[PDB]
Amino acid sequence: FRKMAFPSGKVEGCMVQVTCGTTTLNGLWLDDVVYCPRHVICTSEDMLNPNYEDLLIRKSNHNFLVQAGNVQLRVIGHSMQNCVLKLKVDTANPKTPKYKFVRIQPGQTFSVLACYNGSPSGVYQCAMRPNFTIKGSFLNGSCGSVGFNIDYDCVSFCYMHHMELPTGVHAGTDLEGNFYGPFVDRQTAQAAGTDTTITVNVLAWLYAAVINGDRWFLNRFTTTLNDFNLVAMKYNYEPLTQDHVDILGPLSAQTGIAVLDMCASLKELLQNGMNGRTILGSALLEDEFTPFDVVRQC
Amino acid sequence: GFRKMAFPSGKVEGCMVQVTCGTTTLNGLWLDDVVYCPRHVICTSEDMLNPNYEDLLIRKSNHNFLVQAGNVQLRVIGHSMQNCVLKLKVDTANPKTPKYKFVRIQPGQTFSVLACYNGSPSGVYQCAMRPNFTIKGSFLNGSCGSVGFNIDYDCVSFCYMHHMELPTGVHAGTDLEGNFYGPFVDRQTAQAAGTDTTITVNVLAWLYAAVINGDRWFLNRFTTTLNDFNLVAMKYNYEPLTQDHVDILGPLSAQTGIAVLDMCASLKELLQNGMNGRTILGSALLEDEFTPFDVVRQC
Ligand SMILES: *[C@@H](O)[C@H](C[C@@H]1C=CNC1=O)NC(=O)[C@H](CC(C)C)NC(=O)OCc1c(F)c(F)c(F)c(F)c1F
Ligand SMILES: *[C@@H](O)[C@H](C[C@@H]1C=CNC1=O)NC(=O)[C@H](CC(C)C)NC(=O)OCc1c(F)c(F)c(F)c(F)c1F
């Protein structure tokens, strides 16, 4: 198994750059709207604690430079929705895919198209951590880069990049401008909660091992969801939700191993360790492959 | 931060088509008015074991080839074979053809793979050409004709087209002239590769990356000569480090202030003692599919 991203072409056709003064970041051009982080309107000095409502009242459409490549797109309206700026432009993007805006849950994965000056540089797979940070690869000028999933014809945009935390992890918003986690778009020292292991993905990984014939860790017992959750928390594993149990359904069906039986096997691994054994050629349990990701590669 | 990063695949997605002959369907690459695909599309079950490709191809007509770009069928007006690649001339030019070239990459170099099925892009990931000329990919039935590539400025350099899986689960294919990487053959037989080695210049680049991201537990105040490092490397089936490799690592040496041969001394200690439970950049194993260029660009 490797981290595999979605093909990025449909998102590449939507990337633009947005400039205020000398501050340039990336924006997302869908139909006749460009979406970008609101701190494009901040002077580097006013990022310490911005008054965004006041900064925006001083702004007019003609203060925003939006370019697709070197081609200017005229702005004909502007508004702020939470931490994102919406710029109405006079041209509908002819490359607009079928799309939706979704708010993902911790543990879910997505592809990130890292962009600079509206030009894509690379694509990679990310997982949203339980503490609502992602372990991205972002440099200055990357803000406005987006995270997405593709289902059939349709791009689901789930993430827009806004900042780096002191520990080197990244934080941002959905495409409605609502931050993931307790973060704010201010150049102030902020800390994420202690991270935990994404239990539902570890289970998916154990199912994947079974599908490939590596099944030494299966035991003869089961557990309740509540007993498993209380034990899991003592090992800094995320508790399982009902949605987690449901998304493991297809893999449970494929293998014939009930979700709660796999939980009992995982509890034994937590309590007894690997005792020098490997699973899928690894002594470490992987937690950034979702049940969908496993199916995508099996 | 530091992730395995692939090139944006849009320019390549615009070239992928579906190619069918008989009950065999795989992917093709449509550049200008030519479609490139693996020649084994013309085989049947009984052909696969020892296909006489020149014989099988002379028995085919242009109309035995069904090329589909989305909902549109492209008319094949010509066909020829170049080594293990079939070239189908079509009556329409692909307007989405990027600026491109065909290159043959060296072992140790990396490239992005756009995995496709029935002509439709499925996923994108970064691979390295292994020293034994395999690649560790994620390829299923129907993935043949998927390509590997690098992008420089606006130019797509195609370096790989996918043809087969080996019993060990690694993969083999050709350049776009149809010549295999490695000693493999496009016939339905179980083939083993030569002994693989670890790409040492890449492991060093990845150790520099871990330092750039604040992770330095594995460093030491020992040093080594290049030849004495290479003796130990070869003992552990690591590729020897050349002076060109040392030079390529300069920028990373500069950025971190850590002499290349000091990083070689750190790697030597890791080879001899192991990680003792520790991890580097999250990994329990030393990673060798990031080049110095890959590390620098991403930092
Ligand atoms: C995009 O504009 C940019 C991307 C950022 C910079 C390099 N890697 C990244 O992820 N985002 C910012 O510069 C952002 C703008 C704010 C939200 C208005 N600020 C930021 O990321 O700085 C983080 C930060 C900080 F604010 C500190 F005070 C600090 F001490 C830090 F160490 C730190 F990382
Ligand atoms: C594309 O047509 C396909 C891709 C392949 C299939 C599953 N994963 C992949 O990468 N290529 C083939 O199936 C290829 C066709 C040949 C070149 C005519 N054959 C192949 O990959 O199987 C190899 C193989 C084999 F031929 C054996 F006999 C065997 F015992 C194997 F274990 C084995 F892997």
Side-chain angles (χ1 to χ4, degrees), chain A residues 7-44 50 52 55-57 59-73 75-94 96-97 99 101 112-123 138-148 150 154-162 172-177 185, chain B residues 8-11 13-14 95 98 151:
Chain A
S8 56
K10 294 179 166 67
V11 179
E12 291 169 61
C14 300
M15 295 314 302
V16 297
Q17 43 180 332
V18 180
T19 296
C20 295
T22 58
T23 309
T24 298
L25 38 64
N26 306 281
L28 185 73
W29 181 20
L30 302 164
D31 295 310
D32 64 343
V33 178
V34 170
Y35 306 78
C36 73
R38 66 178 177 174
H39 70 253
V40 74
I41 70 181
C42 295
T43 63
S44 67
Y52 282 110
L55 290 165
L56 194 63
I57 300 292
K59 282 275 198 165
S60 303
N61 294 326
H62 68 255
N63 298 132
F64 297 98
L65 176 57
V66 175
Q67 300 167 111
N70 287 324
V71 177
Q72 174 171 12
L73 253 171
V75 174
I76 61 176
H78 62 282
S79 68
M80 181 171 66
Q81 180 179 9
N82 301 308
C83 302
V84 295
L85 188 71
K86 294 190 279 199
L87 305 179
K88 187 90 128 54
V89 296
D90 73 353
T91 306
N93 181 357
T96 302
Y99 70 96
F101 290 170
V112 170
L113 178 65
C115 291
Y116 301 93
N117 304 122
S119 305
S121 60
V123 64
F138 290 118
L139 303 178
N140 292 328
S142 63
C143 285
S145 300
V146 297
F148 61 100
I150 304 185
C154 184
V155 181
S156 287
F157 295 102
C158 60
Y159 181 82
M160 181 168 271
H161 182 48
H162 294 237
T173 66
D174 60 19
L175 270 294
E176 292 183 324
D185 48 346
Chain B
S9 55
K11 296 175 161 58
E13 297 169 46
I151 305 179

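The analysis underlying the following values was restricted to heavy atoms, covering all of them including side chains, and did not include hydrogens, waters or symmetry mates. In what follows, chains carry the letters A, B, and so on, assigned in the order in which the sequence lines appear, proteins first and then strands, with residues in each chain numbered from 1.
Qualifying side-chain contact (heavy atoms from CB on, under 4.5 Å) partners for A:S142, counting only residues two or more places apart in sequence or in other chains: A:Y116, A:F138, A:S145, A:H161. Remark: A:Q81 engages A:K86 in a side chain to side chain donor-acceptor pair (under 3.5 Å) (not counting sequence neighbours). Evaluation of the side chain to side chain donor-acceptor pair (under 3.5 Å) rule for A:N117 yields no partner, not counting sequence neighbours.
Between A:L87 atom CG and A:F64 atom CZ the span is 5.5 Å, to the nearest 0.5 Å. In this structure, CD1 in A:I150 is found 8.0 Å from OG in A:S8, a value given to the nearest 0.5 Å. Atom NZ of A:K88 is separated from atom CG of A:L73 by 12.0 Å, given to the nearest 0.5 angstrom. The structure places CZ of A:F101 at 10.5 Å from OG of A:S156, a figure rounded to the nearest 0.5 Å. Summarising the geometry, atom CG belonging to A:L113 is positioned 6.0 Å from atom CD belonging to A:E12; distances are rounded to the nearest 0.5 Å. Of the inter-residue distances, the one linking A:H78 atom NE2 with A:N63 atom CG reads 8.5 Å to the nearest 0.5 angstrom.
The residue from A:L85, A:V66, A:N26, A:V16 that alone fulfils the side-chain contact (heavy atoms from CB on, under 4.5 Å) condition with A:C36 is A:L85.
The minimum heavy-atom distance linking A:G27 with A:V34 is given by the pair CA-CG1, 4.3 Å. In this structure, A:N93 and A:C14 approach most closely via the heavy-atom pair ND2-CA, 3.7 Å. Contact detail for A:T24 and A:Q17: the closest heavy-atom pair is CG2-OE1, 3.6 Å. Taking both residues in full, the closest heavy atoms of A:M15 and A:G144 are given as CE-O, 3.9 Å, listed atom of the first, atom of the second, then distance. Across all non-hydrogen atoms, the minimal contact from A:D32 to A:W29 is CA-NE1, 4.4 Å. Heavy-atom minimum distance, A:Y35 versus A:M160: O-CE, 3.4 Å.
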key: From CA spacing to verdict: side-chain contact (heavy atoms from CB on, under 4.5 Å), A:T19, A:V40   = CA-CA 7 Å; A:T19 296; A:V40 74; 6.0 Å; no
key: A:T23 and A:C42: CA distance, side-chain angles, deciding distance, side-chain contact (heavy atoms from CB on, under 4.5 Å) verdict   = CA-CA 8 Å; A:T23 309; A:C42 295; over 6 Å; no
key: Audit row: A:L28, A:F148, side-chain contact (heavy atoms from CB on, under 4.5 Å) steps and yes/no   = CA-CA 12 Å; A:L28 185 73; A:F148 61 100; over 6 Å; no
request  = For the pair A:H39 and A:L25, evaluate side-chain contact (heavy atoms from CB on, under 4.5 Å) and give the outcome as yes or no after the intermediate values.
outcome  = CA-CA 9 Å; A:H39 70 253; A:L25 38 64; 3.9 Å; yes
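Counting heavy atoms from C-beta on, the side chains of A:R38 and A:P50 never come closer than 4.5 Å.
In this structure a side-chain-to-backbone donor-acceptor pair under 3.5 Å is missing from A:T96 to A:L30.
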